[PDB]
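Notes follow once the structure below has been shown.
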Number of protein chains: 2
Amino acid sequence: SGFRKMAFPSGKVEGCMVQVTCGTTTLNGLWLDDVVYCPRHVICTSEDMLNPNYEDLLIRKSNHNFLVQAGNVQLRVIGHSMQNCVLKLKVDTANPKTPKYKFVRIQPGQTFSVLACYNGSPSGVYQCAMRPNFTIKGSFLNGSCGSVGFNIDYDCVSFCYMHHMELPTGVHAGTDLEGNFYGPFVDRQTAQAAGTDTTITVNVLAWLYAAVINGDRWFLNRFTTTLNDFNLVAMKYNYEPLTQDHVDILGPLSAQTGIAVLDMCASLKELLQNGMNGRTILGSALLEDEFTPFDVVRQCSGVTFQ
Amino acid sequence: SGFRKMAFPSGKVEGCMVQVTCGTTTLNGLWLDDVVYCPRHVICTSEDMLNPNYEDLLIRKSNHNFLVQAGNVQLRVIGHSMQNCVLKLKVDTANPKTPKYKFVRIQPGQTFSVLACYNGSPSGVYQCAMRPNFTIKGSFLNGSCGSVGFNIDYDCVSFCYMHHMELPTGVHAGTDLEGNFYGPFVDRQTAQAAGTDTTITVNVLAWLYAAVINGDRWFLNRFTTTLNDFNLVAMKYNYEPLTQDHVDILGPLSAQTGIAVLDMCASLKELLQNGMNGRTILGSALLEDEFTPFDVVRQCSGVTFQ
Ligand SMILES: *[C@H]1Cc2cc(C(C)C)ccc2Sc2cc(F)ccc21
Ligand SMILES: *[C@H]1Cc2cc(C(C)C)ccc2Sc2cc(F)ccc21
């Protein structure tokens, strides 16, 4: 028993992290097979970031201007290209530690692990969610760009995020591994504001199920609700609307606990209307929304990775 | 910017995890050089755990009764011994992935990362603290025993915890890697109750510093206090007494922020007396106490590991 905000084991990704330096600028890259993926703004100075013309800045760069270092060993760059907002640096050596992997573009509400790195070296691992406004709430200092987010299914790493930007409000924006930003964000130092940070309703419900499983049940009540009635409260509290698809996804947790999804919605509705009255749920005094239903099932079942 | 509950990169420890089976019972072991460390209750059945005589149960076990598997490859056991509450299984092959390591016995209030494993396979990583009552609040299902807790300084893994028991109240107990339990707990299925779960005051103060650094400052007030006056409030709220040693440890965070330690104590005192009035600090609605001062400095500075 016990329920913790739990990241995937990070070793498979650690083996892929390298340093990339272009002129004055150093950040992180991801070495898979014979390609190193990194943010294209490695080519920019701080000045350039106000108004960069990436294609023009790139003209002045040759393969030998991209210094790529894997631990203590230098990699030879034999080609480079820009794809959307990432550079692909072809090197002459396949990474011997390349895991089975996929590139995935995740949907808002999905969770993933981040391996925060500096100078190609891992500093720590933590769990994030893609927020409904397409930001993430991470921990990224200068030099962390190129750190990645990922999920693992058994033996296969699904990379879903690369870090590129901190907004002035302190939240974080980045791309998939094809270099397309999540949301409307651009790799420019401008006024980019995030929209409403709505709460991921299906994840809160999953977490309430996790609570019940792991002993915390004070919030269960005598009531039920309907999808439309619940969503009238969701809107008021800036929660995502709950859909039939969400109910279906919660089916397995409903079956394990015997608590109908709509009954748990009535519990959540009461918590939103009345607060927690100074009580806690799984050690938190607010409603946690960065566990997916699949996260709850996995952690409560002990699924492992090859 | 951003501040997250952040675990150490887990790869160095992943490479040390093995499966240990004795008769009917399977749990995890830690393979360093040519020794596998695991909980001695691998030799017990569920029945045995009510009242085990470990020395008597061990007499019936030979080297070939301890099945040790590292991924798909079986290790040959050439000797075994019991040290306190762990078994040391000597195998004929040194782990080629052995990192630089130390065994450390930590003090209450110190934090560490846990690599939760099942059947020798990693499932996830998260950050814990040794509570003042010598429990930890983990996420451990049946089969997780032998999972370890650790810290990393650059290239060297300091192992500090091995998981052995879940108390009836759902919190967790275990040993250092010499097999000595933290606190009064024993590897028996009995009535073992945990004492008061007091809050780690110096860690809360460190976390308030982290908040100020990362933008959250609404709780700063016009007041100061003294150690003795603050501790009169600490006692009331089941917080550890703050000592001069603690103040000294917070010195560097005091210097970076310009907020005197005793001024931050006055902020904390107001938060304890008045609550948070429905506000949040670094995304939490309660006072977080599982970040040490060194954790805050590390995460806010971007320290990395070899
Ligand atoms: C990473 C990216 C970054 C790039 C540059 C150069 C001008 C290209 C300067 C500064 C940064 S700072 C940064 C800050 C964060 F909070 C997260 C990621 C980065
Ligand atoms: C791990 C240890 C464990 C051992 C046995 C045998 C009888 C030796 C049975 C059950 C367990 S269950 C367990 C449960 C937890 F929550 C955490 C660790 C273990």
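The numbering of chain A matches Swiss-Prot: 3264-3569, in order.
In case you wondered, yes, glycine gets a Cβ from its N, Cα and C as well.
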Out of A:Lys3353, A:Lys3532, Swiss-Prot gives the annotation ubiquitin cross-link to A:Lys3353
Given recorded positions A:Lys3268, A:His3304, A:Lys3353, A:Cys3408, which are under 8 Å from chain B when comparing Cβ atoms? A:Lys3268
Can you tell me the CA-to-CA distance separating A:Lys3268 (ubiquitin cross-link) and A:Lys3353 (ubiquitin cross-link), as a whole number of Å? 36
Neighbour count, 10 Å Cβ-Cβ cut-off, for A:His3304 (active site, for 3CL-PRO activity): what number do you get? 25
With every protein chain in view, how many other Cβ atoms are within 10 Å of the Cβ of A:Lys3353 (ubiquitin cross-link)? 15
Three-state secondary structure, A:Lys3353 (ubiquitin cross-link) (per DSSP): strand
Would you mind pulling the DSSP three-state label for A:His3304 (active site, for 3CL-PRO activity)? helix
Write down the Cα-Cα distance for A:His3304 (active site, for 3CL-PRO activity) and A:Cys3408 (active site, nucleophile), rounded and given in Å. 9
